[PDB]
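Residue numbers (my numbering), protein chains in the order written: chain A, 179 to 425; chain B, 179 to 425; chain C, 179 to 425; chain D, 24 to 62; chain E, 24 to 62; chain F, 24 to 62; chain G, 24 to 62; chain H, 24 to 62; chain I, 23 to 318. Following: one structure in structure tokens, then a few remarks.
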Amino acid sequence: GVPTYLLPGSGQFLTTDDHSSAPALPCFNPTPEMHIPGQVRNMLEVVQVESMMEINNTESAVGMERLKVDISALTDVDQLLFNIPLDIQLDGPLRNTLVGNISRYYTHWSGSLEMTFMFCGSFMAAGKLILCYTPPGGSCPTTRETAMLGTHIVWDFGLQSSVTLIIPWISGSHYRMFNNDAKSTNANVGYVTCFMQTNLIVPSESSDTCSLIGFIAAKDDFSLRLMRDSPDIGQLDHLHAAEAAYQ
Amino acid sequence: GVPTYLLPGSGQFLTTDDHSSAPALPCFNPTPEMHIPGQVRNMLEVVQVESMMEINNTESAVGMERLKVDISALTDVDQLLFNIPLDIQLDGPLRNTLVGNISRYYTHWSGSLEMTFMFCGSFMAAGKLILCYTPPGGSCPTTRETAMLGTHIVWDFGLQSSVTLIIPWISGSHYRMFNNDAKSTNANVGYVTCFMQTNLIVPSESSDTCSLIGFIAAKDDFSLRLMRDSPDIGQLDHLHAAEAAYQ
Amino acid sequence: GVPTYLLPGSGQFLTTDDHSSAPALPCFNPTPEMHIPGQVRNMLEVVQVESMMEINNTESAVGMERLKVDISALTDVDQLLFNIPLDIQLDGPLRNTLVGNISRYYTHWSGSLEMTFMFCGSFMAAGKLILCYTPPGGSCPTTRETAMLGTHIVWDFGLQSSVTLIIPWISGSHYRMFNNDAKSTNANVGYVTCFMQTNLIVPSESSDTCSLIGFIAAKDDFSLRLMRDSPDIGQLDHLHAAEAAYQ
Amino acid sequence: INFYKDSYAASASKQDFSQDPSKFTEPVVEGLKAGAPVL
Amino acid sequence: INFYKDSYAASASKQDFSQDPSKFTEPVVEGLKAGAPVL
Amino acid sequence: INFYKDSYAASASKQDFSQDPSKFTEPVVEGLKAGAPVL
Amino acid sequence: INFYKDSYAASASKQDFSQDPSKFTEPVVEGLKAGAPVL
Amino acid sequence: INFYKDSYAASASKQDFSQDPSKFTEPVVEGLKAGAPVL
Amino acid sequence: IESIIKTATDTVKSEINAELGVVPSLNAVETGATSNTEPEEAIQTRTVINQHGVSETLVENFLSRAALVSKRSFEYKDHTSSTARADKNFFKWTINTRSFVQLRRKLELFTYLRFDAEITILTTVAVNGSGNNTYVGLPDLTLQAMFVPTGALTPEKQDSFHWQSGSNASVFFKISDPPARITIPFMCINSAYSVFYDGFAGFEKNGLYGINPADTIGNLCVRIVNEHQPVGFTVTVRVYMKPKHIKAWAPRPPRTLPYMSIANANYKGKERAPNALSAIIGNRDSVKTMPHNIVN
Ligand SMILES: Cc1cc(-c2noc(C(F)(F)F)n2)ccc1OCCCc1cc(C(=O)N(C)C)no1
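Structure representation (structure tokens):
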């Protein structure tokens, strides 16, 4: 015979191992493959699809009210309208999105994100907004004159109802980490703020309050590493009817 | 199947074994390599770097005082100034050096060493010294007329502030051993002594006491074998905060 | 994976097995080889070297007295002088020789042996002897007329001080056995006897008693098989200072 | 290492790097051009 | 013997004998010559 | 079968049949001839 | 993987796809033609 | 499969089909012919 | 200049030297360069063909050795009346290489390190003798080691539903088996681990000093899969780590004073030499005293 010796790790069951195993049903012929639309081969294809952010995650907002931000005409200039925390690991507006949900199965991430906002006011409504991304290091800007020093896009409402703010990958390290310390230098991405650029101006017959819907997605420079169990789902007991499977 | 039989040693865990093992994270992509200065591929590169000897390892010397040897003008000729034990395994002036620290992770050594001394007196100070290496066999020489029979360099202070004494590899055996018996024929290297050649002569305004700094390094004929745990570090209890890792 | 099954003998420790095993010290560089005189690659080279027989193994002989045989002038003709048992396994004159010592590590042997005798009398001493080898089957011859029927050499003392008696390999079987039954047909080699051929004749000033030294060695047709533990060494307790190794 | 006779016994296949994200990001009959207004 | 699909699973690599001690022994802009005074 | 990286891990070497018994049986400067008297 | 010396020790043979159902479905001397009445 | 260095360690040899029954059935100097009387 | 070095350098024979303007034995330490004096220039040498290998001092060989990094003992029993601090049939460990000094000192000989880590887990069991000082035999238990990365939830009890390990890598091994082994890849978010980090981990001023957040690994969670037996046992788990495929940069002065904490490089030194704060090397009577002088 062949002389052999067993290495450390022999006989172990590693859940991520990759080996062939004995076929339980010899000569079984699986059903022939048939073309089905919508095949996905890499999860990065899913995170590239836009999904709505829950910007209005406040106690006053119920159901889909949390998925839109209301803006009204103001009588003071350069007023802040809203900001968006950029932490995917923490429970924030980006968590329940395609990019957020898929990414929270991993520990490291890199690449640019894009935020798209659709103005859903009446045709007669007009206004200009400035959307700013502030790289980390300081406090979230509270005034337009400070926020406009960072990356920003000035958005003019019009026939094209939607604008895109690119959050470029600006990082010292190759990857960032989805870690619970939101203030860590390996995790913090910065802030996104939205200020009035001129004002929301509508005629008397239009609604005086208009809504924006914010979307987020990753660009094709996005990548993820270090698979982990998602903290978005858990169970403390057996589900109903699970016991019946053994009856 | 393949007939096999298990050899002695099967199932053992040898800390120095070299085998492939199951990847815990399939398809993980490590961060791309980036050029970093100061790459080291062989520890012999480190031992070739000069480091200071603790020649003045006496109770009167505190802190970095132990890293310099003071020399003053003498009124008798041919006087001994200092000697240096050449045992790396024992606790001596060579132990806390790059060569000594790295070598004490090994058991056998071979090759030439070099001692470099820098004179740190004033520009106006003058003098000549003789540095001698005595191969083993007898007592450390106590007089210049005996020490000068061995390998030596006569050093004249001047614009070039430093001289090098080569300790050539003179050994019956291919290697020596870092063994606690300092008088063993497999370990003893001999002695290094320093005598006044003429005198330290300084003017009245210069300091009447001048310091030398001794450095040691191995030449590129140096080699080490038989890795061992260094006796230079140990612990009798868990370090502080080590328990907190399990909390 | 590879389907396998374990054979009988798997996991056993056979002291004569021949396998590779894990190197305990990776990347260790052994000391370079150096030419040393007297290399031996086959133990048969040692048994080919002459060594002295203990022919005079009698209670009256002490120390090296047992390594020489004294012969004196006789007043009767054709007298027997000595005989030599040819059994290596039993405790006899051939046991403490190079050939005997090496062979007693084995069980089977074959090939010719040679006995050489050196006459150590004075230059003025003269004499002739007959050395006979009797193949087995009967009693050891006690008279010259019977001993001379076998293989023999008539030795004339002279300038060449030594004669060689060849004991040719005369055996029914390919090998003989070193077995404790000295009378077995698989072990008995026969006898060697020495008779006066004429007489030892010396002048009055020479010693009237002269000594012979007998040597034995194997020829290059000698071979051995079936390694065994030598019965020439043993211990009933631990040697002195053996316990100290564990202190 | 697969000595089994049935192909489905083999180890995992992690070498399919083909992608087509436009199936989900741009499932429109009229493809959009860079810079030009969509509407 | 490495039948694993991920390269980092392989055994150790002890075959890199490249050295450059001058990075630590002679990190000076002006290289020094043998015998000639340094200063 | 030796898959170890260090050569000294290999099994025994029992193939060195070279001999020179004259090193011990005839270490004399003047070689002796067959039949001719040694002295 | 069969290192045994006797051939009957080998694993199963599942590669004989030859068929002849007519031995049981049409064991008549006169073969029947499609469409044409049998009788 | 024999990785042992000594040849006698090998498995059994069952391939010697040579026969000579006449050594025991017809060990006579004069061979006998078919049909012809032996005596 | 970079070159391939496999053996120690040879020596060339040298003759008498008397040359004006040439002083190879003189050097200028002030430049920061180590002396370039050769043996052939200091003494008269012979020719020597040096065959001494240098492979055992390769960084890979120097560091690629399995070393203890974690040792945890916990009681395997019914933990219904156990304190909140007790390991109730499982433990979690925040992975670090700073708890055992032998490996820590060798790692801290370098500033930056890049390597994959081979992890070996060794388990031993002993019957509890407290009150029940009777021996019945050692059970062959099954254990689960789960790697919980940053941001993932760690199990809170032996039967926690977190052990289902949908995506976490888990290894199930038995005490009777050879020690479990897996390879963890280089998982730093940078190109190399920062053995030393002269910085703070957060954008505020209260973050931990001396620990690079880029090198955060995660938690190793180990439980006994078997439900508790009628009697109690003590289970000891030892974790060994062997770096491999190593790259190292910027060597550093070795640690001299004893380590105090795994969180910092705080130092106190021994009460007296050797390795005291004011005297690293042991004392001798004077600079002219030979400690081990050979007399006759
Ligand atoms: C010890 C250990 C165990 C596991 C594990 N145990 O079980 C499993 C499971 F679940 F798959 F089975 N995974 C995983 C990873 C581990 O450590 C990684 C070592 C990396 C490193 C960084 C530094 C550093 O910061 N430097 C050098 C400055 N040092 O080393």
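Quick reminder that beta carbons are idealized off the backbone N, C-alpha and C, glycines included.
Taking all protein chains shown into account, decide if residue i is buried (16 or more other Cβ within 10 angstroms of its Cβ) or exposed.
i: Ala-236 (chain I); result: buried
i: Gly-189 (chain C); result: exposed
i: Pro-208 (chain C); result: exposed
i: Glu-52 (chain I); result: exposed
i: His-267 (chain I); result: buried
i: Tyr-284 (chain A); result: buried
i: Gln-338 (chain A); result: exposed
i: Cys-318 (chain B); result: buried
i: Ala-200 (chain A); result: exposed
i: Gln-180 (chain I); result: buried
i: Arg-68 (chain I); result: exposed
i: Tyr-353 (chain A); result: buried
i: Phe-295 (chain C); result: buried
i: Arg-203 (chain I); result: buried
Which residues of chain I have a Cβ atom closer than 7 angstroms to the Cβ of residue i, listed in chain order?
i: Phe-40 (chain E); result: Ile-26, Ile-27 and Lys-28
i: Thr-342 (chain A); result: Chain I residues near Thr-342 (chain A): none, gap ~27 angstroms exceeds 7 angstroms.
i: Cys-310 (chain C); result: Chain I residues near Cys-310 (chain C): none, gap ~58 angstroms exceeds 7 angstroms.
i: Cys-318 (chain B); result: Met-312 and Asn-315
Hey, residue i and residue j: beta-carbon distance below 8 angstroms or not?
i: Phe-356 (chain C); j: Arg-282 (chain C); result: yes
i: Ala-304 (chain B); j: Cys-388 (chain B); result: no
i: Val-247 (chain I); j: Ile-143 (chain I); result: no
i: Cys-310 (chain C); j: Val-370 (chain C); result: yes
i: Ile-391 (chain A); j: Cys-298 (chain A); result: yes
i: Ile-214 (chain B); j: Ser-213 (chain I); result: yes
i: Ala-395 (chain C); j: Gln-217 (chain C); result: no
i: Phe-393 (chain C); j: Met-212 (chain C); result: no
i: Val-61 (chain E); j: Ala-50 (chain I); result: yes
i: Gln-73 (chain I); j: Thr-116 (chain I); result: no
i: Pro-210 (chain C); j: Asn-83 (chain I); result: no
i: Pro-181 (chain B); j: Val-180 (chain A); result: yes
List, in order along the chain, the chain I residues whose C-beta lies closer than 8 angstroms to that of residue i?
i: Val-51 (chain E); result: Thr-53, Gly-54 and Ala-55
What does residue i touch in chain E if you count any residue whose Cβ is under 9 angstroms from its own?
i: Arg-219 (chain B); result: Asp-39, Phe-40, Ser-41, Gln-42 and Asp-43
Report yes or no: is there a C-beta of chain L within less than 8 angstroms of the C-beta of residue i?
i: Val-45 (chain I); result: Among the protein chains of the structure shown, namely A, B, C, D, E, F, G, H and I, there is no chain L.
Please list, in chain order, the chain C residues whose beta carbon lies closer than 7 angstroms to that of residue i.
i: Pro-201 (chain A); result: Those within 7 angstroms of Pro-201 (chain A) in chain C number zero; the least Cβ separation is about 13 angstroms.
Using a cut-off of 7 angstroms between C-beta atoms, extract the partners of residue i located in chain B.
i: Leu-185 (chain A); result: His-197
i: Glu-78 (chain I); result: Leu-402, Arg-403 and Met-405
Interface residues of chain C around residue i at Cβ under 8 angstroms?
i: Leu-55 (chain F); result: The contacting residues do not exist; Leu-55 (chain F) stays about 12 angstroms from chain C at best.
Using a Cβ cut-off of 8 angstroms, pull out every chain B residue sitting near residue i, in sequence order please.
i: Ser-121 (chain I); result: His-416, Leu-417, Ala-420 and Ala-423
i: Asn-49 (chain I); result: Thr-294, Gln-338, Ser-340, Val-341 and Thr-342
So which residues on chain B does residue i lean against when the C-beta distance must stay under 9 angstroms?
i: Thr-182 (chain C); result: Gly-179, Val-180, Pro-181 and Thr-182
So which residues on chain E does residue i lean against when the C-beta distance must stay under 8 angstroms?
i: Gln-226 (chain B); result: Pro-44, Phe-47 and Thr-48
For a contact defined as C-beta to C-beta under 8 angstroms, what are the partners of residue i on chain F?
i: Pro-204 (chain C); result: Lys-28 and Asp-29
### Query
Between the segment 269–298 of chain B and chain I, which residues of the former have CB atoms less than 7 angstroms from a CB of the latter, in chain order?
Only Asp-269, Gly-270, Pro-271, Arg-273, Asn-274, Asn-279, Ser-288, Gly-289, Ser-290, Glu-292, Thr-294 and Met-296 from the segment 269–298 of chain B bring a Cβ to less than 7 angstroms from some Cβ of chain I.
### Query
Looking at chain E, which residues of the segment 257–282 of chain I have a Cβ within less than 7 angstroms of any of its Cβ atoms?
Residues passing the 7 angstroms Cβ filter: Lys-266 and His-267.
### Query
Just by C-beta distance, which residues in the segment 105–117 of chain I are closer than 9 angstroms to chain B?
Under the 9 angstroms Cβ criterion, the segment 105–117 of chain I contributes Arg-107, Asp-109, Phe-113, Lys-114, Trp-115, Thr-116 and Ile-117.
### Query
At a Cβ cut of 9 angstroms, what residues of the segment 354–376 of chain A count as close to chain I, listed as they run along the chain?
Against chain I - using a Cβ distance shorter than 9 angstroms - the residues of the segment 354–376 of chain A are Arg-354, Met-355, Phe-356, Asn-357, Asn-358, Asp-359, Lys-361, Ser-362, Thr-363, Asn-364, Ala-365 and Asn-366.
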